[PDB]
Amino acid sequence: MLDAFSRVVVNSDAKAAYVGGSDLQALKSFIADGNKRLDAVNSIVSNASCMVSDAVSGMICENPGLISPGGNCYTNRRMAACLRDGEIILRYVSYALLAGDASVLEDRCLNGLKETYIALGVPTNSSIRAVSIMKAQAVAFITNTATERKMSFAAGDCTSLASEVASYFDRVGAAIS
Amino acid sequence: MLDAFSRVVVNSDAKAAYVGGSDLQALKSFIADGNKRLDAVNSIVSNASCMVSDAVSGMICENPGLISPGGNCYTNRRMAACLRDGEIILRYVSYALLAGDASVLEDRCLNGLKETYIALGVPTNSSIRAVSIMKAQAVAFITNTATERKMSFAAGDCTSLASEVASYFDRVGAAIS
Amino acid sequence: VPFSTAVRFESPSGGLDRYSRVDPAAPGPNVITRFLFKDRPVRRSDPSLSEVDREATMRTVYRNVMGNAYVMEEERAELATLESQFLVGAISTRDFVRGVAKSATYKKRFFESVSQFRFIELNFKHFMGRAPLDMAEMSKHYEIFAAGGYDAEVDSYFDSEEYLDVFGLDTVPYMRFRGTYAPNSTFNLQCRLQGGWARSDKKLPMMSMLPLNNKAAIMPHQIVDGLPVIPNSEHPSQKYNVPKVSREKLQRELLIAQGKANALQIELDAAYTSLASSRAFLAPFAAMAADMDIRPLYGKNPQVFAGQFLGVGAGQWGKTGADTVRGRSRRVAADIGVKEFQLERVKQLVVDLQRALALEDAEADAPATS
Amino acid sequence: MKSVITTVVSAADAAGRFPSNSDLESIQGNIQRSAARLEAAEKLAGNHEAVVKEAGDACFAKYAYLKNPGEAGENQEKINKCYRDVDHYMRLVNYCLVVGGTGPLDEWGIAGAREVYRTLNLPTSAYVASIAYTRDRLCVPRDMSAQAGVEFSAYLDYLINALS
Amino acid sequence: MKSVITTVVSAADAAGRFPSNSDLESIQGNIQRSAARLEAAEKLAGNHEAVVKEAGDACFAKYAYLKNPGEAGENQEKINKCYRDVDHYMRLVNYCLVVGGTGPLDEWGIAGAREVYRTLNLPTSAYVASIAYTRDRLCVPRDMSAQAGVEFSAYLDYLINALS
Amino acid sequence: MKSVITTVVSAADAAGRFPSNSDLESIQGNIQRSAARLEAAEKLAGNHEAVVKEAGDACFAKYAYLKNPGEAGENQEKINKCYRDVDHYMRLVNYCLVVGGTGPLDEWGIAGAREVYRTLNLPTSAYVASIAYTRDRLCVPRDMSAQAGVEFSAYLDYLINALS
Amino acid sequence: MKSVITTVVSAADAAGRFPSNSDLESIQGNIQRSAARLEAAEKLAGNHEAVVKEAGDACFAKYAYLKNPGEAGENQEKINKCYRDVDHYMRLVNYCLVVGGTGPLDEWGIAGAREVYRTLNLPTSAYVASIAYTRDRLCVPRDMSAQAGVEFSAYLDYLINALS
Ligand SMILES: *C(=C)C1=C(C)[C@@H](Cc2[nH]c(/C=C3N=C(/C=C4\NC(=O)[C@H](C)[C@H]4CC)C(C)=C\3CCC(=O)O)c(CCC(=O)O)c2C)NC1=O
Ligand SMILES: *C(=C)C1=C(C)[C@@H](Cc2[nH]c(/C=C3N=C(/C=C4\NC(=O)[C@H](C)[C@H]4CC)C(C)=C\3CCC(=O)O)c(CCC(=O)O)c2C)NC1=O
Ligand SMILES: *[C@@H](C)[C@H]1/C(=C/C2=NC(=C\c3[nH]c(C[C@H]4NC(=O)C(C=C)=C4C)c(C)c3CCC(=O)O)/C(CCC(=O)O)=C2C)NC(=O)[C@@H]1C
Ligand SMILES: *[C@@H](C)[C@H]1/C(=C/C2=NC(=C\c3[nH]c(C[C@H]4NC(=O)C(C=C)=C4C)c(C)c3CCC(=O)O)/C(CCC(=O)O)=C2C)NC(=O)[C@@H]1C
Ligand SMILES: *[C@H](C)[C@H]1/C(=C/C2=NC(=C\c3[nH]c(C[C@H]4NC(=O)C(C=C)=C4C)c(C)c3CCC(=O)O)/C(CCC(=O)O)=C2C)NC(=O)[C@@H]1C
Ligand SMILES: *[C@H](C)[C@H]1/C(=C/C2=NC(=C\c3[nH]c(C[C@H]4NC(=O)C(C=C)=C4C)c(C)c3CCC(=O)O)/C(CCC(=O)O)=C2C)NC(=O)[C@@H]1C
Ligand SMILES: *[C@H](C)[C@H]1/C(=C/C2=NC(=C\c3[nH]c(C[C@H]4NC(=O)C(C=C)=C4C)c(C)c3CCC(=O)O)/C(CCC(=O)O)=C2C)NC(=O)[C@@H]1C
Ligand SMILES: *[C@H](C)[C@H]1/C(=C/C2=NC(=C\c3[nH]c(C[C@H]4NC(=O)C(C=C)=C4C)c(C)c3CCC(=O)O)/C(CCC(=O)O)=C2C)NC(=O)[C@@H]1C
Ligand SMILES: C=CC1=C(C)[C@@H](Cc2[nH]c(/C=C3N=C(/C=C4/NC(=O)[C@H](C)[C@H]4CC)C(C)=C\3CCC(=O)O)c(CCC(=O)O)c2C)NC1=O
Ligand SMILES: C=CC1=C(C)[C@@H](Cc2[nH]c(/C=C3N=C(/C=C4\NC(=O)[C@H](C)[C@H]4CC)C(C)=C\3CCC(=O)O)c(CCC(=O)O)c2C)NC1=O
Ligand SMILES: C=CC1=C(C)[C@@H](Cc2[nH]c(/C=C3N=C(/C=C4\NC(=O)[C@H](C)[C@H]4CC)C(C)=C\3CCC(=O)O)c(CCC(=O)O)c2C)NC1=O
Ligand SMILES: C=CC1=C(C)[C@@H](Cc2[nH]c(/C=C3N=C(/C=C4\NC(=O)[C@H](C)[C@H]4CC)C(C)=C\3CCC(=O)O)c(CCC(=O)O)c2C)NC1=O
Ligand SMILES: C=CC1=C(C)[C@@H](Cc2[nH]c(/C=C3N=C(/C=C4\NC(=O)[C@H](C)[C@H]4CC)C(C)=C\3CCC(=O)O)c(CCC(=O)O)c2C)NC1=O
Ligand SMILES: C=CC1=C(C)[C@@H](Cc2[nH]c(/C=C3N=C(/C=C4\NC(=O)[C@H](C)[C@H]4CC)C(C)=C\3CCC(=O)O)c(CCC(=O)O)c2C)NC1=O
């Protein structure tokens with residue numbers, strides 16, 4: 001995998017260029033906003049058990065045919081195998097937000113995920129809904145606009161980190177269409 | 001795998017016939033020229049380290065894009081795995097020169113080699129003009145006409161062994177075409 | 001098991017990443033391969049096994065030895081007799097994986113729920129970590145099953161010299177990416193069998209029969225799914241960057257890219273005939289100066305003043321080294337490398353176009369609306 | 001196909017090595033022994049239908065219970081398959097003297113034979129009476145030469161040790 | 001690509017774990033030490049044509065035997081590929097100061113180097129004399145700061161310890 | 001014991017490497033974060049007799065149903081074992097603030113807790129009600145410093161997410 | 001070791017088979033070609049002091065930089081351990097002409113030689129320049145016969161292709 005630092009290296013290795021002064025300044029600004037990012041990913045991994053229960057119950061709360069006999073989340077064993085698909089998608093986003101890159105999302109999390117979902121008989125559109133509910137939850141903790149849990153932070157604004165973690169959940173839903 | 005004597009048995013097994021008297025006239029002339037065959041694979045195996053370094057570094061003389069950044073012989077892991085692969089091809093060609101029959105080259109080496117090289121990103125046109133430098137090296141070592149190293153043989157004529165190992169080398173380039 | 005077989009066949013091959021017993025301080029292979037881009041294999045080296053390394057060990061058991069499936073909290077109760085003895089040290093890593101392979105967990109998934117042809121496929125993958133080498137090695141194991149059934153066939157892998165020379169008694173088995181392969185076509189088959197990090201083995205069809213008899217060639221996009229992912233490429237893949245268009249728009253865009261690659265091949269072949277014509281143009285004179293006495297004025301012995309030509313001076317070595325060499329055959333060679341770049345760019349574009357056509361035809365053959 | 005050449009290549013390929021001096025020294029002993037066993041092969045190639053009528057009833061004179069009803073060889077379409085089977089086995093010995101190893105007897109005649117004859121109710125001792133009669137009917141200066149009948153009668157009792 | 005981030009993501013992904021407090025604490029050391037190694041990365045990116053020319057003819061003034069016929073400096077293409085390699089190595093040290101780990105020297109410069117330099121007959125003591133010239137001409141207040149010298153020299157003798 | 005030390009040693013040993021600059025920079029963030037979490041540790045080690053009294057009566061007010069005759073929370077000698085358990089969980093959180101990782105919670109408090117609390121019929125909702133009250137009682141300038149209450153509260157809800 | 005006898009016994013030991021007619025045919029080639037290679041063994045065993053003295057100062061007439069201070073062959077004890085090592089390499093060539101295979105060079109001279117000579121800064125071009133002098137100083141009717149000189153100079157460039 002790569003991070004935010006070795007994405008600049010593999011883009012300058014294609015040109016045989018040293019890492020100069022212009023793209024060092026975009027990396028020097030990554031480190032200066034580094035305490036925001038560790039404050040950001042601490043917000044999501046502290047609330048991660050409530051998020052995967054708010055997600056896949058609300059997917060069932062909109063789609064009540066998934067628990068009918070002949071549904072994907074019908075029995076008790078298949079419900080735990082959707083709860084396990086909540087917290088792996090949420091885990092690999094949490095590595096991608098911590099790294100500053102979407103390498104670990106691409107070659108591990110989405111690698112072969114659609115081809116598995118065809119062969120099992122997973123509903124395609126219902127996985128787009130439960131990921132986007134987790135997109136609605138993740139920006140609610142980065143912007144601290146959650147309804148029943150408030151977390152204390154320093155004074156400032158982190159609207160750029162909430163947009164970066166929103167683009168990671170759209171990359172999950174774009175791969176399993 | 002087969003050799004030159006297992007090849008004439010499976011032709012005779014196809015008609016359920018015994019290996020008679022008229023087809024033993026040619027087998028006795030194979031074994032009569034069997035000392036030139038061992039004297040020929042000894043002129044390839046003795047020169048085998050310089051054969052795959054005259055060939056891989058002569059492939060670079062006709063393609064500088066391999067040693068450009070991003071190239072196939074660019075980094076040290078990639079030049080080492082190409083000098084590995086050039087002497088696997090020389091190993092299985094010398095097996096078929098020793099065995100008298102190209103059956104060990106066609107299923108242990110050349111089967112599935114083309115679509116192996118598509119998947120890794122190996123340029124297959126550069127492999128064809130790499131194994132054709134080794135084809136011209138081998139027929140200079142059989143017939144004792146290399147300019148920088150002469151070996152001591154008995155007098156005679158090994159042109160039929162030269163065009164038997166030449167046909168094992170354009171059987172390689174028909175498989176990665 | 002002291003006889004284990006009965007057949008006087010011709011012997012198949014091994015790997016090359018084995019314990020050698022002569023030079024045991026050698027790296028060998030797996031220093032220039034795709035071993036470097038996997039995570040490193042887990043061997044038990046401490047007797048304690050603290051509880052976050054116990055959980056990290058069994059995740060490698062479900063990913064590599066099981067088929068990236070999910071064990072529940074009742075299916076992990078069937079291994080609780082075997083997790084007495086692996087954690088204490090009474091049984092090995094090799095005897096633990098065999099006890100996993102004879103469970104009611106493994107026999108429900110990989111024996112009864114799949115076919116017999118699919119069951120022999122995974123035993124080369126789950127236990128040895130490779131493919132069948134050829135059909136002769138695979139048809140031997142149908143006779144080991146014909147003699148003594150399941151536990152005779154399962155013990156054929158763990159009681160082998162190819163097992164203990166590679167995994168030993170301590171490492172969990174893994175898919176092996178060594179350098180040299182025993183046929184070349186067993187490399188393509190192990191990338192078909194273990195392909196993609198998120199891919200399970202549940203409800204997949206049997207794959208390795210028609211490749212092993214040279215009936216169905218393995219498509220080159222199915223090997224790309226099996227290979228571990230490198231950072232740098234010449235041509236990074238548009239696997240995620242193909243737009244969601246129909247099946248008919250993917251078929252037109254594939255046949256256009258196959259046609260552009262055919263015309264790019266037969267102008268690269270015209271470049272090679274111009275390189276062969278450029279060398280024959282200068283071969284009477286390249287041999288004419290081969291036996292001349294060309295003595296320079298400086299540059300070779302250090303007793304004379306050479307200036308910047310002690311080596312080369314200050315930036316003039318170039319990006320490559322061959323770009324600073326002039327000549328008619330060096331100048332047509334740089335045209336070859338720019339013409340082979342455009343052929344390799346579009347040959348890697350028909351690979352991920354062929355993936356999207358297969359991944360849309362799996363939707364159609366599954367019972368659906370399109 | 002086990003021969004001399006397909007076991008020094010299959011050992012050199014199994015360690016990733018070029019053919020060395022000990023591999024070229026084994027092909028030399030394939031040259032030296034080739035005058036002997038190819039004299040034995042062309043002796044068997046012309047004289048094959050004589051020696052299988054002579055060795056086929058040597059099974060049947062020792063075992064006359066095969067022509068009982070209920071047994072193996074009742075009718076004339078089962079006796080001729082028994083003379084087909086000795087000519088199958090004598091052809092593979094002629095193939096082994098050409099390739100210089102026990103290759104074509106192994107995968108074509110020996111492998112799977114102990115489950116074919118056990119299921120199809122054929123006694124294996126009636127097969128081996130035909131091979132062992134042919135082992136001592138050979139006269140070592142008359143038919144072939146001295147050491148050429150050594151390698152003819154070396155592939156015959158490799159078949160005898162395999163069948164039982 | 002061994003960074004601080006990939007050595008703790010792959011540790012947490014192996015046990016199936018979310019990024020906990022030991023994972024975030026190590027990224028705070030990536031913040032606290034980047035000021036020392038990015039100062040050496042910007043001095044290397046702005047001075048590199050003079051530091052690989054000076055180290056490149058430390059090889060050729062020490063080993064005059066390479067210019068001999070048949071030897072390893074014989075024509076001008078071979079000398080130009082020698083200074084290219086010092087320029088490849090000093091670019092990979094510069095990539096390692098950016099990522100904070102030895103990853104770009106690992107997979108792009110060191111893995112397979114001893115097989116390539118042995119096959120192509122290149123003396124790896126002539127590579128080491130180029131790198132150890134650069135490691136010993138570094139003046140720690142003139143050229144960078146004090147703790148930028150200990151990040152520059154640490155990746156320099158990671159390369160000497162792996163090439164020989 | 002997953003500290004920041006035993007994940008860079010335990011990953012260099014899986015590859016057979018020396019400790020590199022990637023491995024020393026993880027320990028640099030251990031020197032930065034230790035001024036806050038050891039300040040939160042000895043704040044907890046003096047106060048702990050009153051916090052676990054505050055942690056215990058919160059779940060007996062939220063779940064007062066346990067004092068029925070016949071189901072779980074019967075007598076005072078059971079209830080004194082419930083104050084034993086929340087003092088043990090605060091003692092492990094004090095141990096994690098000294099380790100610098102989720103080590104002592106994982107192997108002494110979390111592992112096997114899904115089996116002990118199930119077959120003895122202990123609902124883990126009463127434990128989360130005991131210990132989320134101490135997450136909310138923390139006033140960030142009164143009790144400790146600013147970032148010292150960050151690392152106190154972040155080991156606490158790791159214990160909440162493990163139980164429920 | 002690696003010879004004709006160790007190859008066909010190990011191939012039959014893996015298969016679990018008796019030594020059959022293909023195995024004895026290969027040791028017949030150990031009878032024919034031993035007259036050539038044991039002539040070259042006793043020609044080397046009686047002349048070895050003069051041919052390692054000649055091949056050792058062909059190494060130092062070519063790579064004259066080794067006698068510099070700080071280089072390899074500095075003082076006289078370090079030059080005398082070079083002639084110790086050319087004498088070990090000629091003695092393993094003599095052991096390979098006796099056994100009939102590359103096994104004594106394999107196990108005792110070639111295995112581990114890349115790891116040792118890199119970590120002690122010994123140039124492998126110096127060892128190759130000693131072996132390649134001896135292969136070119138050989139005269140095919142003066143020093144031995146025409147068949148003894150093609151076995152002797154086939155173990156010499158087994159060692160040139162395994163070092164380089
Ligand atoms: C049916 C019975 C049913 C639903 C439909 C679904 C409603 C729903 N809720 C959200 C959003 C969130 N869930 C969140 C998680 C939590 N909120 C908390 O306060 C605690 C801390 C935590 C649970 C442990 C969060 C943070 C959100 C975001 C907004 C919010 O604060 O409410 C959605 C997503 C909106 C979308 O579809 O985009 C839906 C549909 N839950 C049901 O039970
Ligand atoms: C660029 C600098 C460059 C080339 C261009 C390329 C030249 C080249 N050479 C061949 C042919 C041979 N190489 C051989 C190898 C060796 N010769 C020896 O004597 C030693 C033992 C060994 C090296 C260790 C040999 C024998 C030949 C055959 C020619 C001959 O008779 O000598 C070709 C092949 C032509 C083709 O494409 O068919 C080319 C292009 N090498 C460079 O380095
Ligand atoms: C064509 C490739 C050559 C050439 C070949 C000839 N070789 C001849 C004789 C010969 N070579 C060897 C050695 C060989 N036998 C071995 O057992 C081993 C290794 C273990 C080797 C390398 C021997 C023993 C012989 C002599 C055989 C004999 O004379 O009976 C030869 C002579 C005729 C022939 O043998 O048929 C030829 C023509 N010579 C050439 O001119 C080209 C370059
Ligand atoms: C003692 C055990 C025996 C006995 C043995 C003798 N055998 C002699 C010669 C001999 N044997 C063979 C065949 C052998 N050589 C092979 O290459 C193979 C297989 C591939 C086999 C089985 C041959 C060809 C020869 C003749 C050798 C020659 O012609 O020089 C022999 C004579 C010794 C000799 O001539 O060198 C003896 C004494 N003889 C006995 O009486 C007892 C029972
Ligand atoms: C839940 C939100 C879904 C749904 C999910 C199901 N998934 C089932 C099995 C399954 N899921 C995965 C993907 C997972 N493994 C990975 O390695 C990664 C990423 C790296 C991910 C996301 C796999 C591989 C499998 C198969 C293996 C297994 O059995 O665990 C599943 C059970 C299928 C069955 O009944 O046999 C279900 C129900 N279904 C839904 O309705 C929502 C959309
Ligand atoms: C004769 C001395 C025996 C005997 C022989 C019978 N064999 C019968 C069938 C049979 N045999 C074979 C093996 C044979 N075929 C091969 O291709 C080769 C090797 C290349 C061999 C050795 C096969 C495959 C079969 C079945 C097909 C066939 O009929 O040819 C047979 C018929 C059995 C039946 O009809 O029930 C007989 C009678 N039986 C004897 O009396 C002595 C023991
Ligand atoms: C100068 C100190 C040496 C020398 C240099 C040569 N290297 C040659 C080939 C070569 N070197 C490498 C490693 C290099 N390439 C990389 O990509 C990286 C790291 C990013 C490094 C260090 C490779 C892969 C290759 C082969 C491809 C190429 O030509 O660039 C080389 C050509 C070999 C030859 O023609 O014999 C030279 C000359 N070697 C010398 O001769 C002096 C002592
Ligand atoms: C002359 C060509 C070189 C040279 C020679 C040195 N070799 C040194 C040590 C060494 N060599 C070996 C391999 C050698 N020992 C064996 O037992 C066998 C095969 C049977 C061989 C080929 C070993 C194991 C060792 C280390 C022990 C020893 O001193 O004998 C060596 C000493 C290294 C040192 O102390 O620096 C030298 C000097 N190296 C040179 O300096 C010239 C150029
Ligand atoms: C990016 C990496 C990098 C380096 C490692 C150095 C390497 C380096 N040093 C010198 C150059 C020099 N280095 C010194 C040595 C000195 N020793 C002392 O005790 C003094 C503190 C100091 C002098 C002020 C001297 C005297 C020169 C002058 C020119 C020479 O000697 O050739 C030069 C030539 C001109 C210059 O830039 O100064 C270079 C490229 N420079 C770099 O850009
Ligand atoms: C070990 C793990 C670890 C952490 C969790 C953080 C903890 C943390 N975050 C911040 C510091 C900060 N944190 C935020 C974050 C936020 N403010 C908001 O309004 C958003 C709601 C929210 C995150 C999404 C901001 C805006 C700053 C100030 C910027 C800065 O100090 O660089 C600081 C102060 C840094 C300083 O003093 O300079 C600290 C210690 N750091 C660490 O080392
Ligand atoms: C049975 C026979 C047999 C073979 C023929 C080879 C075929 C082969 N080559 C490579 C692997 C490779 N092959 C090349 C080769 C080349 N790039 C070029 O410039 C040249 C045109 C060409 C040869 C000189 C490279 C560069 C790699 C490594 C890919 C990379 O890491 O960049 C691999 C993948 C190995 C791995 O990584 O595990 C395989 C199977 N192996 C075998 O087992
Ligand atoms: C160092 C780590 C560590 C822990 C995490 C705990 C975990 C733990 N709790 C209990 C054990 C217990 N826990 C309770 C507590 C309760 N049961 C009830 O009836 C109420 C609902 C609830 C109050 C909260 C009781 C009563 C026992 C005694 C066994 C029992 O439930 O009958 C035991 C059995 C031993 C004992 O009796 O103490 C253990 C190991 N103890 C440890 O040593
Ligand atoms: C190390 C861990 C640790 C803790 C989590 C707290 C837990 C705690 N809080 C209080 C006790 C208190 N804490 C506060 C402070 C506040 N109450 C609020 O509701 C506001 C949010 C905030 C003031 C702005 C007050 C006012 C009391 C007394 C009454 C009460 O509990 O509210 C007490 C009683 C004695 C004391 O004040 O210390 C204890 C032990 N103390 C600790 O030592
Ligand atoms: C068993 C291993 C073994 C060897 C490989 C040789 C190696 C060898 N050759 C010569 C010695 C010689 N070799 C030659 C031969 C020739 N010079 C030429 O230019 C012609 C090409 C060729 C003629 C056929 C001559 C003329 C000498 C003596 C002159 C000299 O070189 O000192 C000597 C010195 C004295 C002698 O023995 O003759 C030695 C040790 N001897 C051995 O014991």
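Convention: sequence-line order gives letters A, B, ...; per-chain numbering from 1. Just so you know, ligand 1 is whichever comes first in the structure, and atom 1 is the first atom listed for that ligand. Basis for what follows: all heavy atoms, side chains included, without hydrogens, waters or symmetry-related copies.
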Checklist entry - Which atoms from ligand 2 have a heavy atom of B:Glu148 less than 4.0 Å away? => result 19 (O)
Checklist entry - Is any heavy atom of the protein nearer than 4.0 Å to atom 39 (C) of ligand 13? => result no
Checklist entry - For atom 13 (N) of ligand 2, which protein heavy atom lies nearest, and how many Å away is it? => result B:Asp54 OD2, 1.3 Å
Next on the checklist: As a test of the contact definition, would atom 25 (C) of ligand 8 count as having a protein heavy-atom neighbour under 4.0 Å?
Outcome noted: no
Item to check | Shortest protein contact, atom 41 (O) of ligand 8 (heavy atom only) | outcome: G:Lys78 NZ, 1.3 Å
Next on the checklist: Any protein heavy-atom neighbour for atom 29 (C) of ligand 2 (distance below 4.0 angstrom)?
Outcome noted: no
Next on the checklist: Give me the nearest non-hydrogen protein atom to atom 5 (C) of ligand 2 as residue plus atom name, then the distance to 0.1 Å.
Outcome noted: C:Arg279 NH2, 3.5 Å
Next on the checklist: Using the rule salt bridge (charged side-chain N to carboxylate O under 4.0 Å, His left out), only one of C:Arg279, C:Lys339, C:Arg331 pairs with B:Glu62; which is it?
Outcome noted: C:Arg279
Checklist entry - Heavy atoms only: which of B:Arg129, B:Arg149, B:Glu62, B:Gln137 is nearest to atom 36 (C) of ligand 2? => result B:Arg129
Checklist entry - What atoms of ligand 2 come closer than 4.0 angstrom to any heavy atom of B:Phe141? => result 21 (C), 26 (C)
Checklist entry - ligand 2 versus B:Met51, non-hydrogen atoms closer than 4.0 Å: side chain, backbone, both, neither? => result neither
Checklist outcome for this item: In ligand 2, the atoms that come under 4.0 Å of a heavy atom of B:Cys61 are 1 (C), 2 (C), 3 (C), 4 (C), 5 (C), 42 (C)
Checklist entry - For the residue pair E:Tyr65 and G:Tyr65, does the interplanar ring angle fall in the parallel (under 30°), tilted (30 to 60°) or perpendicular (over 60°) class? => result parallel
Checklist entry - Can you list every pair that meets salt bridge (charged side-chain N to carboxylate O under 4.0 Å, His left out) and has a residue in residues 53-66 of chain G, with sequence neighbours left out? => result G:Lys53-G:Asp57
Checklist outcome for this item: Contact region, G:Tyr117 to ligand 8, non-hydrogen atoms below 4.0 Å, reads side chain
Checklist entry - Can you find a protein heavy atom under 4.0 Å from atom 2 (C) of ligand 8? => result yes
Checklist outcome for this item: Residue, atom and distance of the protein heavy atom nearest atom 35 (O) of ligand 8 read G:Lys81 CE, 4.6 Å
Checklist entry - Within a radius of less than 6.0 Å around NZ of C:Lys319, do more than 12 heavy atoms belonging to other residues, nucleotides or ligands occur? => result no
Checklist entry - More than 12 heavy atoms of other residues, nucleotides or ligands under 6.0 Å from CZ of G:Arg114: is that the case? => result no
Next on the checklist: Starting from atom 31 (O) of ligand 2, what is the nearest protein heavy atom, named by residue and atom, and what distance separates them?
Outcome noted: B:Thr145 O, 3.5 Å
Next on the checklist: Is it true that, when you exclude B:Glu148 itself, more than 12 heavy atoms of the residues, nucleotides or ligands shown sit nearer than 6.0 Å to its CD?
Outcome noted: no
Checklist entry - For B:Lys150, is the nearest heavy atom under 4.0 Å from an atom of ligand 2? => result no
Checklist entry - For atom 7 (C) of ligand 2, is the nearest protein heavy atom closer than 4.0 Å? => result no
Item to check | Listed once per pair and sorted, the salt bridge (charged side-chain N to carboxylate O under 4.0 Å, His left out) pairs that draw on residues 154-163 of chain G, sequence neighbours left out | outcome: B:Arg149-G:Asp157
Checklist entry - Protein heavy-atom contact under 4.0 Å for atom 19 (O) of ligand 2? => result yes
Checklist entry - What atoms in ligand 2 come closer than 4.0 Å to a heavy atom of B:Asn47? => result 21 (C)
Next on the checklist: Need the ligand 2 atom indices (1-based, order shown) with element for anything under 4.0 Å from a heavy-atom of B:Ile133.
Outcome noted: 33 (C), 34 (C), 37 (O)
Item to check | Check ion pair F:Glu151-F:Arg33 (N to O, under 4.0 angstrom) | outcome: yes
Next on the checklist: Would you say that more than 12 heavy atoms from the other residues, nucleotides or ligands in this model lie under 6.0 Å from the CD of G:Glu77, or not?
Outcome noted: no
Next on the checklist: With a heavy-atom distance limit of 4.0 Å, tell me whether F:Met144 approaches ligand 13 through its side chain, its backbone, both, or neither.
Outcome noted: side chain
Item to check | Within-cut-off N or O pair, G:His88 and ligand 8, under 3.5 Å | outcome: no
Checklist entry - Angle class for the G:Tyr127/G:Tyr117 ring planes (parallel below 30°, perpendicular above 60°, tilted otherwise)? => result parallel
